[PDB]
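Structure file data_37.tsv (TSV, N, CA and C atoms) is printed below.
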```
chain	number	residue	atom	x	y	z
D	84	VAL	N	16.63	347.82	155.46
D	84	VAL	CA	15.49	348.77	155.34
D	84	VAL	C	15.66	349.62	154.08
D	85	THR	N	15.21	349.14	152.96
D	85	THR	CA	15.35	349.92	151.70
D	85	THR	C	14.28	349.46	150.70
D	86	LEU	N	13.04	349.58	151.06
D	86	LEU	CA	11.95	349.15	150.13
D	86	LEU	C	11.56	350.32	149.22
D	87	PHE	N	11.08	350.03	148.05
D	87	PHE	CA	10.68	351.12	147.12
D	87	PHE	C	9.36	350.76	146.43
D	88	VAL	N	8.49	351.72	146.25
D	88	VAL	CA	7.19	351.43	145.58
D	88	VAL	C	7.25	351.93	144.13
D	89	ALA	N	6.43	351.38	143.28
D	89	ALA	CA	6.44	351.83	141.85
D	89	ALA	C	5.47	353.00	141.68
D	100	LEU	N	5.97	354.14	141.28
D	100	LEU	CA	5.07	355.32	141.10
D	100	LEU	C	4.29	355.18	139.79
D	101	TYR	N	4.64	354.23	138.97
D	101	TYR	CA	3.91	354.06	137.68
D	101	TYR	C	3.92	352.59	137.27
D	102	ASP	N	2.95	352.17	136.50
D	102	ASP	CA	2.90	350.75	136.06
D	102	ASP	C	3.95	350.53	134.97
D	103	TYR	N	4.25	349.29	134.66
D	103	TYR	CA	5.26	349.01	133.61
D	103	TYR	C	5.07	347.59	133.07
D	104	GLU	N	5.29	347.39	131.80
D	104	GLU	CA	5.12	346.03	131.21
D	104	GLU	C	6.45	345.57	130.61
D	105	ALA	N	7.23	344.85	131.37
D	105	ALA	CA	8.54	344.37	130.85
D	105	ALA	C	8.36	343.84	129.42
D	106	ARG	N	9.04	344.43	128.47
D	106	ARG	CA	8.91	343.96	127.06
D	106	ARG	C	9.71	342.66	126.88
D	107	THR	N	10.49	342.29	127.86
D	107	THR	CA	11.29	341.04	127.73
D	107	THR	C	10.97	340.11	128.90
D	108	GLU	N	11.60	338.97	128.96
D	108	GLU	CA	11.32	338.02	130.07
D	108	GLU	C	12.25	338.32	131.24
D	109	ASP	N	13.22	339.17	131.04
D	109	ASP	CA	14.16	339.51	132.15
D	109	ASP	C	13.54	340.59	133.04
D	110	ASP	N	13.16	341.70	132.46
D	110	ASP	CA	12.55	342.79	133.27
D	110	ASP	C	11.31	342.25	133.99
D	111	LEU	N	10.72	343.04	134.84
D	111	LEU	CA	9.51	342.57	135.58
D	111	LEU	C	8.30	343.41	135.16
D	112	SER	N	7.12	342.99	135.52
D	112	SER	CA	5.90	343.76	135.15
D	112	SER	C	5.06	344.00	136.40
D	113	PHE	N	4.58	345.20	136.59
D	113	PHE	CA	3.76	345.49	137.80
D	113	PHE	C	2.90	346.73	137.54
D	114	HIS	N	2.30	347.27	138.57
D	114	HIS	CA	1.45	348.48	138.39
D	114	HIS	C	1.68	349.45	139.55
D	115	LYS	N	1.38	350.71	139.35
D	115	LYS	CA	1.58	351.70	140.44
D	115	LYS	C	1.06	351.14	141.76
D	116	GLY	N	1.90	351.08	142.76
D	116	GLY	CA	1.46	350.54	144.08
D	116	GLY	C	2.14	349.20	144.36
D	117	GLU	N	3.00	348.76	143.47
D	117	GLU	CA	3.69	347.45	143.69
D	117	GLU	C	4.93	347.67	144.56
D	118	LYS	N	5.10	346.87	145.58
D	118	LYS	CA	6.30	347.02	146.46
D	118	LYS	C	7.49	346.33	145.80
D	119	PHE	N	8.69	346.74	146.12
D	119	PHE	CA	9.87	346.09	145.49
D	119	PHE	C	11.07	346.15	146.45
D	120	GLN	N	11.84	345.10	146.50
D	120	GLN	CA	13.03	345.08	147.40
D	120	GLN	C	14.30	345.18	146.54
D	121	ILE	N	14.89	346.34	146.47
D	121	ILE	CA	16.12	346.50	145.65
D	121	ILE	C	17.32	345.84	146.34
D	122	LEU	N	18.03	345.00	145.63
D	122	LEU	CA	19.21	344.33	146.24
D	122	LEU	C	20.49	344.98	145.70
D	123	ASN	N	20.43	345.51	144.51
D	123	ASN	CA	21.63	346.17	143.92
D	123	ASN	C	21.17	347.24	142.92
D	124	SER	N	21.71	348.42	143.03
D	124	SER	CA	21.30	349.51	142.08
D	124	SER	C	22.53	350.28	141.62
D	125	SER	N	23.70	349.77	141.90
D	125	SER	CA	24.94	350.48	141.47
D	125	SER	C	25.56	349.75	140.28
D	126	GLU	N	24.75	349.15	139.46
D	126	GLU	CA	25.30	348.42	138.28
D	126	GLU	C	24.53	348.85	137.02
D	127	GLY	N	24.24	350.12	136.90
D	127	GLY	CA	23.49	350.61	135.71
D	127	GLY	C	22.28	351.41	136.16
D	128	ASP	N	21.67	352.14	135.27
D	128	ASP	CA	20.48	352.95	135.66
D	128	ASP	C	19.34	352.02	136.09
D	129	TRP	N	19.43	350.76	135.75
D	129	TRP	CA	18.35	349.80	136.15
D	129	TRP	C	18.78	349.04	137.40
D	130	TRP	N	17.88	348.82	138.31
D	130	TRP	CA	18.25	348.08	139.56
D	130	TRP	C	17.53	346.74	139.60
D	131	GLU	N	18.03	345.81	140.37
D	131	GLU	CA	17.37	344.48	140.47
D	131	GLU	C	16.43	344.49	141.67
D	132	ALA	N	15.15	344.40	141.44
D	132	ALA	CA	14.19	344.42	142.58
D	132	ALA	C	13.45	343.09	142.67
D	133	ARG	N	12.95	342.75	143.83
D	133	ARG	CA	12.22	341.47	143.98
D	133	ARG	C	10.80	341.75	144.50
D	134	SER	N	9.80	341.35	143.77
D	134	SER	CA	8.40	341.60	144.23
D	134	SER	C	8.14	340.82	145.52
D	135	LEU	N	7.77	341.51	146.57
D	135	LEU	CA	7.50	340.81	147.86
D	135	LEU	C	6.11	340.18	147.83
D	136	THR	N	5.41	340.31	146.74
D	136	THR	CA	4.04	339.71	146.66
D	136	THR	C	4.08	338.47	145.76
D	137	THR	N	4.79	338.54	144.67
D	137	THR	CA	4.87	337.37	143.75
D	137	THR	C	6.07	336.51	144.14
D	138	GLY	N	7.15	337.13	144.54
D	138	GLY	CA	8.36	336.35	144.93
D	138	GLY	C	9.33	336.27	143.75
D	139	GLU	N	8.96	336.84	142.63
D	139	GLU	CA	9.87	336.80	141.45
D	139	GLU	C	10.85	337.97	141.51
D	140	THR	N	12.03	337.80	140.97
D	140	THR	CA	13.03	338.91	141.01
D	140	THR	C	13.47	339.25	139.58
D	141	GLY	N	13.75	340.49	139.32
D	141	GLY	CA	14.19	340.88	137.95
D	141	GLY	C	14.81	342.28	137.99
D	142	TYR	N	14.70	343.02	136.91
D	142	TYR	CA	15.28	344.39	136.88
D	142	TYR	C	14.20	345.39	136.47
D	143	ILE	N	14.13	346.51	137.12
D	143	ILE	CA	13.11	347.52	136.75
D	143	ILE	C	13.74	348.92	136.72
D	144	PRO	N	13.07	349.82	136.04
D	144	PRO	CA	13.53	351.21	135.93
D	144	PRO	C	13.68	351.83	137.32
D	145	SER	N	14.86	352.29	137.65
D	145	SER	CA	15.07	352.90	138.99
D	145	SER	C	14.27	354.20	139.09
D	146	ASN	N	14.03	354.85	137.98
D	146	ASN	CA	13.27	356.13	138.01
D	146	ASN	C	11.78	355.84	138.24
D	147	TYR	N	11.42	354.59	138.36
D	147	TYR	CA	9.99	354.24	138.58
D	147	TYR	C	9.78	353.76	140.01
D	148	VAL	N	10.78	353.86	140.84
D	148	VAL	CA	10.63	353.38	142.25
D	148	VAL	C	11.17	354.43	143.22
D	149	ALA	N	10.65	354.47	144.41
D	149	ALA	CA	11.14	355.46	145.42
D	149	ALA	C	11.03	354.84	146.82
D	150	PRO	N	11.87	355.30	147.71
D	150	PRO	CA	11.89	354.80	149.10
D	150	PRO	C	10.53	355.02	149.76
D	151	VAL	N	9.80	353.97	150.01
D	151	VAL	CA	8.47	354.11	150.66
D	151	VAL	C	8.64	354.71	152.06
X	91	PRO	N	25.13	352.11	128.43
X	91	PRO	CA	24.34	351.76	127.23
X	91	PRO	C	22.88	352.22	127.41
X	92	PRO	N	22.20	352.38	126.30
X	92	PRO	CA	20.79	352.81	126.30
X	92	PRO	C	19.94	351.80	127.06
X	93	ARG	N	19.33	352.22	128.14
X	93	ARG	CA	18.48	351.28	128.93
X	93	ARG	C	17.01	351.46	128.55
X	94	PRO	N	16.22	350.46	128.86
X	94	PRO	CA	14.77	350.47	128.57
X	94	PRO	C	14.04	351.54	129.40
X	95	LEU	N	14.76	352.29	130.20
X	95	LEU	CA	14.13	353.34	131.04
X	95	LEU	C	12.94	353.97	130.31
X	96	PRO	N	11.76	353.48	130.60
X	96	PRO	CA	10.52	353.99	129.98
X	96	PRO	C	10.31	355.45	130.36
X	97	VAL	N	9.52	356.17	129.60
X	97	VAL	CA	9.28	357.60	129.93
X	97	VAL	C	8.27	357.69	131.09
X	98	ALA	N	8.53	358.53	132.05
X	98	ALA	CA	7.59	358.66	133.20
X	98	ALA	C	6.34	359.43	132.77
X	99	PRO	N	5.19	358.81	132.93
X	99	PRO	CA	3.91	359.44	132.57
X	99	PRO	C	3.70	360.72	133.38
X	100	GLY	N	2.49	361.20	133.45
X	100	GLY	CA	2.22	362.44	134.23
X	100	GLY	C	2.99	363.60	133.60
X	101	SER	N	4.12	363.96	134.16
X	101	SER	CA	4.91	365.08	133.58
X	101	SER	C	5.45	364.67	132.21
X	102	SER	N	5.37	363.41	131.89
X	102	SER	CA	5.87	362.93	130.57
X	102	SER	C	7.21	363.60	130.27
X	103	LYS	N	7.63	363.58	129.03
X	103	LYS	CA	8.94	364.21	128.68
X	103	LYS	C	8.71	365.27	127.61
X	104	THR	N	8.92	366.52	127.95
X	104	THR	CA	8.71	367.60	126.95
X	104	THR	C	10.07	368.04	126.39
```

Give the structure from the file, written as structure tokens.
Amino acid sequence: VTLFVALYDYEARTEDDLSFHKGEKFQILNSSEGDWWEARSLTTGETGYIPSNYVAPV
Amino acid sequence: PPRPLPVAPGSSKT
């Protein structure tokens, strides 16, 4: 039980980060390896890394 | 290291 929503949209400038918009759900699997955490979109099914300051516990 | 941590809109960064 640790889902987080994006409070703001974001456009990954690379192919590693992910891209979404305010209101996108995300499942964080690891966030203790840098200010960026690895989240997986439960709508697209793709996983990547996004700004931890852009997500919060829904 | 410097991360891509984008600036949060709304309150932005002053």

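Between atom N of residue 150 in chain D and atom N of residue 135 in chain D the interatomic distance comes to 14.4 Å.
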
_Please check the contacts: residues of chain X at most 7 Å away from chain D, using only N, CA and C atoms, listed as a ChimeraX atom specification._
/X:93-96,99

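With atom C of residue 134 in chain D on one side and CA of residue 97 in chain X on the other, the separation reads 22.9 Å.
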
*asked:* Please compute the CA of residue 138 in chain D-CA of residue 112 in chain D distance, one decimal, in Å.
replied: 12.5 Å

Export range 123-135 of chain D from the structure block above, keeping N, CA and C atoms, as a compact mmCIF listing (two decimals), in the first residue's frame.
```txt
# COMPACT_ATOMS: atom_id res chain seq x y z
N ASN D 123 10.98 1.62 -5.40
CA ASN D 123 12.23 1.95 -4.66
C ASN D 123 12.45 3.47 -4.69
N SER D 124 12.70 4.07 -3.56
CA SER D 124 12.92 5.54 -3.53
C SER D 124 14.10 5.87 -2.62
N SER D 125 14.85 4.88 -2.22
CA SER D 125 16.01 5.14 -1.33
C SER D 125 17.31 5.02 -2.14
N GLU D 126 17.27 5.36 -3.40
CA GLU D 126 18.50 5.26 -4.23
C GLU D 126 18.69 6.57 -5.00
N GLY D 127 18.46 7.68 -4.35
CA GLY D 127 18.62 8.99 -5.03
C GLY D 127 17.34 9.82 -4.87
N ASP D 128 17.40 11.09 -5.16
CA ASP D 128 16.19 11.94 -5.02
C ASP D 128 15.11 11.47 -6.01
N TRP D 129 15.49 10.70 -6.99
CA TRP D 129 14.49 10.21 -7.98
C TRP D 129 14.06 8.79 -7.62
N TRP D 130 12.80 8.48 -7.74
CA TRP D 130 12.34 7.11 -7.39
C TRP D 130 11.86 6.38 -8.65
N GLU D 131 11.81 5.08 -8.61
CA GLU D 131 11.34 4.31 -9.80
C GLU D 131 9.84 4.03 -9.64
N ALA D 132 9.02 4.61 -10.48
CA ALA D 132 7.56 4.38 -10.35
C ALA D 132 7.03 3.65 -11.59
N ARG D 133 5.94 2.96 -11.46
CA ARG D 133 5.37 2.22 -12.63
C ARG D 133 3.94 2.70 -12.88
N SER D 134 3.67 3.22 -14.05
CA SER D 134 2.30 3.70 -14.36
C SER D 134 1.32 2.52 -14.34
N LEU D 135 0.31 2.59 -13.51
CA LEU D 135 -0.67 1.47 -13.44
C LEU D 135 -1.67 1.58 -14.59
```
